[PDB]
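K.L.:
sequence and experimental coordinates follow.
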Amino acid sequence: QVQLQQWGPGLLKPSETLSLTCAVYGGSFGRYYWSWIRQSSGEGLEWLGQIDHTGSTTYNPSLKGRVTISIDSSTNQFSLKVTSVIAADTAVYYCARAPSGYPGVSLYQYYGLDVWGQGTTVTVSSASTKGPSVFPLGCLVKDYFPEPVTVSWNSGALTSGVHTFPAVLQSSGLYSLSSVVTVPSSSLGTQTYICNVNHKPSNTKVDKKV
Amino acid sequence: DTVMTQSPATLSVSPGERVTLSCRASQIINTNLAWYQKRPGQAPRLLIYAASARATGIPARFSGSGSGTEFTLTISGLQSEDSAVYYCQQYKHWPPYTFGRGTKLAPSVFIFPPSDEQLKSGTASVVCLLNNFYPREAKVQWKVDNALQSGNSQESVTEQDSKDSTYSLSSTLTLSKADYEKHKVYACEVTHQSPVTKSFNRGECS
Amino acid sequence: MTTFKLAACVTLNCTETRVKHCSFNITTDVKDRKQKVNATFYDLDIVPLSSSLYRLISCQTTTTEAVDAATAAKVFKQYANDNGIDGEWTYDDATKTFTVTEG
Ligand SMILES: *[C@@H]1O[C@H](CO)[C@@H](O)[C@H](O)[C@H]1NC(C)=O
Ligand SMILES: *[C@@H]1O[C@H](CO)[C@@H](O)[C@H](O)[C@H]1NC(C)=O
Ligand SMILES: *[C@@H]1O[C@H](CO)[C@@H](O)[C@H](O)[C@H]1NC(C)=O
């Protein structure tokens, strides 16, 4: 019943301030740890902090004072705010829920992170943003920054059997990757097949017909 | 600050089998240990909490035991979807709840030279596609006219599909149109498993 | 070689704030009318059973150090006869743990 949905920047520059916002659908704040966890691109999970409906917070010291969370009673959302951003902060960021027991009644004071938001990729660098170029085959999106890029087919309908690959960093300082599909034999006409490609960081959505 | 230490790192071990994943708290953490599973295009989902209790939802084929300092998630009756990463989190000592660094759980060749548009812009890259490995360990070398390309080929690697088996590879050779307009044979040499290595030349037909 | 646990588990009859109201049979005196009684629980603290019935996450446990799971079976079943423990005998090959559900 609980939906977690986050959103925010995804690219920003050293010294600045990251800001992310999780909104909770189907339930409320009631004595849960509303948490923030991140994973550097090929790294370990790192616990950032958490807040409960009070305003009570607990941040990870090993981040000095940089991290700060807040909560917004009205809308059922809460929000991460990292200060003085630097390159290591490039990581996927998740909002998550942890239940905190019940004073007296409960065995423990923490049950898992049971509920996780979809994730927000946040890339810190000086480089500016460039939408990809889309070159049909199959589908090819090339030369974009930063991560990541959206690949859906026929406004979502077409789905099955794909191997949409991981991004490959080029020497040009710009990422690029390759999206395939597997539909053997033919039936070339009758059905028309389009790749939806979206690149939030740079306001680029191409519906390039293949 | 408790430090979590999983041990096997990787296990690409065969289905149906019994597997024992370890986790080791550097300190005594009673039974405050949870286990997370991480799928591909997915966030972590909660498997076992309280060192031993299955999270509401996750099937009984998962077994988390342990207490004090050495812990274990354990799976046996594997479904296909079970390839993923498996992380453990301690929650006795905090600030820093701390996680462990995890445990990680013949091909088919194709080839693809550029379209009209990729050329008309400036440079052109030729990519090949290794649909479905078993296993992923391989070397794929681009060559043009009894040569070998070094430094101008990039590599892409997928992680095992859940609703199937397998891996998948994506190499790419990056040069300018002042180099694709020329030259003859363009070979993607996929070694293992004797190799059929598709190609094309100079520009051709529809 | 290996260490075996045995959990002696009070069965719970129960039926969202995470609270569940539940009833179970407690002892003391060592042969009362076996007393049905009502306590409050945290829903995440009870695990289901094949019926709606529940057991707590952790229980009062005894540990043996057997030669084999077979010998440990005896030892526990003997230990249970010795103290007034009768119920469902289930066992896990991954926990190496015998759970008995009383009440
Ligand atoms: C004990 O619990 C049951 C079910 O919760 C209820 O029917 C009964 O009234 C309770 N007894 C008291 C004294 O509250
Ligand atoms: C115990 O649970 C059963 C169902 O399994 C129910 O019929 C019965 O009324 C319950 N008794 C009490 C005292 O709650
Ligand atoms: C134990 O409790 C069950 C239901 O929880 C009940 O059916 C049974 O009568 C109880 N045993 C006693 C009171 O000795």
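P.N.:
Structure's in. What do you need? Numbering: from 1, shown residues only, chains lettered A, B, ... in the order given. Ligands and ions are numbered 1, 2, ... in the order given.
K.L.:
most distant residue from the centre of chain B?
P.N.:
The centre of chain B is farthest from one residue, residue B:182, which by Cα atoms, centre = their mean lies 36.5 Å away.
K.L.:
quick one: that residue and residue C:61, what's the gap?
P.N.:
As judged by Cβ to Cβ, to the nearest Å, residue B:182 and residue C:61 stand 77 Å apart. Where C-beta positions appear, they are placed from N, C-alpha and C, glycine not excepted.
K.L.:
burial measure for residue 186, as a count.
P.N.:
Went with chain A since none was named. 6 (other Cβ atoms under 10 Å in any protein chain shown).
K.L.:
ah, I was thinking of chain B
P.N.:
20.
K.L.:
any idea how far it is from residue A:156?
P.N.:
36 Å.
K.L.:
same deal with residue B:54?
P.N.:
33 Å.
K.L.:
secondary structure class of the residue positioned nearest the centre of chain B, three-state.
P.N.:
Most central in chain B under Cα atoms, centre = their mean is residue B:159, positioned 2.6 Å from the mean C-alpha point. The three-state label given to residue B:159 by DSSP: H, G, I helix; E, B strand; the rest coil is coil.
K.L.:
show me what contacts it?
P.N.:
B:40, B:83, B:167 (Cβ atoms under 8 Å, 6 or more residues apart in numbering or on different chains).
K.L.:
hmm, back to that, now do the SS call for the residue farthest from the centre of chain B.
P.N.:
Classified using three-state DSSP, residue B:182 is coil.
K.L.:
how is chain B divided into domains?
P.N.:
What curated CATH domains lists as the domains of chain B is B:1-105, B:106-202.
K.L.:
establish whether the longest one and chain C are in contact.
P.N.:
It refers to domain B:1-105. Yes - Domain B:1-105 is in contact with chain C by Cβ under 8 Å from any Cβ of the partner chain, via B:31, B:49, B:50, B:52, B:53, B:54, B:63, B:65, B:72, B:74, B:76.
K.L.:
all strands for chain C, in order.
P.N.:
Remark: strands assigned in chain C by DSSP state E are C:3-14, C:19-26, C:35-42, C:46-48, C:53-56, C:60-65, C:88-91, C:97-102.
K.L.:
which bits of chain C sit near chain B?
P.N.:
Within chain C, the positions lying close to chain B (Cβ under 8 Å from any Cβ) are C:44, C:47, C:57, C:58, C:92, C:94, C:95, C:96, C:97.
K.L.:
what sits closest to the fifth one if chain neighbours are left out?
P.N.:
In other words, residue C:92. For residue C:92, ignoring the flanking residues on the chain, the nearest one in space by Cβ to Cβ, 6 or more residues apart in numbering or on different chains is residue B:63 at 6.6 Å.
K.L.:
show me the contacts for that neighbour.
P.N.:
Here residue B:63 is in contact with B:73, B:74, B:75, B:76, C:92, C:94, C:95 (Cβ under 8 Å, 6+ apart).
K.L.:
again with residue B:188
P.N.:
Shown here is residue B:188, whose contacts under the criterion Cβ under 8 Å, 6+ apart are B:109, B:111, B:128, B:140, B:142, B:171, B:197, B:198, B:199.
K.L.:
show me what counts as buried in stretch B:3-20.
P.N.:
B:4, B:6, B:19 (16 or more other Cβ atoms under 10 Å in any protein chain shown).
K.L.:
quick one: the nearest residue to residue B:24 once chain neighbours are set aside from ligand 1, how far?
P.N.:
Of all residues not flanking residue B:24 in the chain, residue B:5 sits nearest, at 4.4 Å (Cβ to Cβ, 6+ apart). Going from residue B:5 to ligand 1 by Cβ to the nearest ligand atom, to the nearest Å gives 45 Å.
K.L.:
surely residue B:5 meets residue B:100?
P.N.:
Yes - in this structure, residue B:5 is within contact of residue B:100 by Cβ atoms under 8 Å, at 6.2 Å.
K.L.:
mind giving me the domain ranges of chain A?
P.N.:
According to curated CATH domains, the domains of chain A span A:1-126, A:127-210.
K.L.:
just put the ones you listed in TSV and tack on distance to residue C:7.
P.N.:
Shown next, in TSV, are those (distance: least, Cβ to Cβ, whole Å):
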stretch	distance to residue C:7
domain A:1-126	14
domain A:127-210	45
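K.L.:
just say which of those domains is most tucked in.
P.N.:
Burial of the domains of chain A is given as mean neighbour count (mean count of other Cβ atoms under 10 Å in any protein chain shown); domain A:1-126 ranks first at a mean of 18.
K.L.:
hmm, that domain in reach of chain C?
P.N.:
Yes - contact of domain A:1-126 with chain C (Cβ under 8 Å from any Cβ) involves A:30, A:99, A:101, A:102, A:105, A:106, A:107, A:108, A:111.
K.L.:
report the two of the residues you listed separated the most.
P.N.:
Among these, the pair separated by the greatest distance (Cβ to Cβ) is A:30 and A:107, at 18.6 Å.
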